[PDB]
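J.: Please find the sequence and an experimentally derived structure below.
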Amino acid sequence: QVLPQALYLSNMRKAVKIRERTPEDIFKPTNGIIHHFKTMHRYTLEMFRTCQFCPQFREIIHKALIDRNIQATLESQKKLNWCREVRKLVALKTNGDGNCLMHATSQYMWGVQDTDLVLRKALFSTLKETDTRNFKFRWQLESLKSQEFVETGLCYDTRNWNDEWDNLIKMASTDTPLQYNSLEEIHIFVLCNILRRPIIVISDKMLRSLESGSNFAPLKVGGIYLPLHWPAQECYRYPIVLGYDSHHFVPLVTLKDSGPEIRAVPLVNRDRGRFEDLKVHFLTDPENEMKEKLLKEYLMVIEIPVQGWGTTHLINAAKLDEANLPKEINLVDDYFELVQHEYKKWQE
Amino acid sequence: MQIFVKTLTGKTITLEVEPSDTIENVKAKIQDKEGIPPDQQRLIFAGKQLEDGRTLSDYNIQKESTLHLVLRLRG
């Protein structure tokens, strides 16, 4: 049990070196553009190899770092690691202080949590200190179909939207309710525009009833979040892959040792013998009309042959970034050296 | 009295309430049944989003009425 439960605990001093770089890398332009990162949004963490060690020692590593509950829920629900043609993803444990969306995202890019609330504070200022009319537009349009106003027969006055929008703005703050307010889909979409990097969220499709085991309500969080307030040429085309379950966010990182399997995430779920597209969130009607052309621009789409329901089937997937963290800011290098040192002692 | 809360899947749950219970009261009994926090619940009746402060009778909600539940789930 000696191994830490978080990557950054291997070298807190290096983790501080990283957490002190993120604030100075944010550019706050005077023009009215959303504030964003200069360089650090292009970093990507891959997780070190584990298949080398013996089975019993693989468990103590996996127990320490991997969120077993989110891993088991998503894998056994045919939502995570279902495609035999692509490399595996594993969910790194993430603090549950109400900021896991920022924690999970910072871990995917940098290996550190949003301990200093850099991402969280960057989200709040955008909503609080700048014009948000386009965000509120996209959010209204999605809410109408998502919350199914036509189905429930609901009507919203202009004040109803304002109160709900002001509440989403207050949710982004660092005020205490857990330690911080949880966040929802529109915050992810603002976040991805702050990063100029797409965010794919992998999650289950429906919330189950504790009484009947039947379907209670849909989870609408899964899907693709594109940084649409920026030209795709000014965006990083490799996505951030997040996992969602039990109102918790975790990063879905890939193992560095990749066999013949392809480093890509399928942009399609297999629900009931049908290859269902992932929901592309917060598009406008013109954007939705060119949905595929937008996907092929903000991502790197490829066709992956997969086993089809005794036949071969062609699905679209997005290429995934290789680990590009330099040695000075690579906490995975340090944690791996810590694993090998313990593995020598474990053999006694 | 009995009322019904219906979700976007068609799942419908039965609640035991008095005409004097507030909406938050109604939301509380829902939380205790399905483990969903009140701030993440939205109850709709006859086109209106029901406010936590007002009484069930204030919305003229009577025995065997059906409410609609939409979930603003957070993470």
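T.: Sure, I can see it. Residues are numbered from 1 along each chain as shown, chains lettered A, B, ... in the order given.
J.: list the buried ones in stretch A:212-230?
T.: Neighbour-count burial for stretch A:212-230, counted by 16 or more other C-beta atoms under 10 Å in any protein chain shown, picks out A:215-230. Every C-beta, even on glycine, is put in place using the N, C-alpha and C of the backbone.
J.: Then stretch A:314-328?
T.: A:315, A:316, A:317, A:318, A:319, A:320, A:321, A:323, A:325.
J.: For the closest residue to chain B within chain A, give me its contacts.
T.: Using C-beta to the nearest C-beta, the closest approach of chain A to chain B is made by residue A:182 at 3.5 Å. Applying C-beta atoms under 8 Å, 6 or more residues apart in numbering or on different chains, we find residue A:182 in contact with A:98, A:101, A:171, A:247, B:74, B:75.
J.: at 6 Å what do you get?
T.: By C-beta atoms under 6 Å, 6 or more residues apart in numbering or on different chains, the contact set of residue A:182 is A:98, B:74, B:75.
J.: again with residue A:207
T.: Counting by C-beta under 6 Å, 6+ apart, residue A:207 has contacts A:216, A:217, A:219.
J.: Contacting chain B as well, which ones from those?
T.: A:216, A:217 (C-beta under 6 Å from any C-beta of the partner chain).
J.: List the ones among the contacts of residue A:207 that fall in strands.
T.: If you go by DSSP state E, these have A:216, A:217 in strands.
J.: List, one by one, the residues from chain A near chain B.
T.: A:147-148, A:152-155, A:182, A:184, A:210, A:214-217, A:247, A:249.
J.: So which of these is the closest to residue A:109?
T.: If you rank the residues of chain A next to chain B by distance to residue A:109 using C-beta to C-beta, residue A:249 comes first, at 13.9 Å.
J.: Give me the neighbour count for whatever residue of chain B ends up closest to chain A.
T.: Nearest residue of chain B to chain A (C-beta to the nearest C-beta) works out as residue B:74 at 3.5 Å. By the criterion of other C-beta atoms under 10 Å in any protein chain shown, residue B:74 has 18 neighbours.
J.: ok, now how distant is it from residue A:188?
T.: 11 Å (C-beta to C-beta, to the nearest Å).
J.: Among the contacts of residue A:182, which are located in strands?
T.: Short answer: the contacts of residue A:182 have none in strands (DSSP E).
J.: follow-up on the earlier one: out of the residues of chain A next to chain B, list just those in helices.
T.: residue A:152 (DSSP state H).
J.: Which one of the residues of chain A next to chain B is nearest to residue A:92?
T.: residue A:249 (10.8 Å).
J.: surely the closest one meets residue A:104?
T.: Yes - using C-beta atoms under 6 Å, residue A:249 makes contact with residue A:104 at a distance of 4.1 Å.
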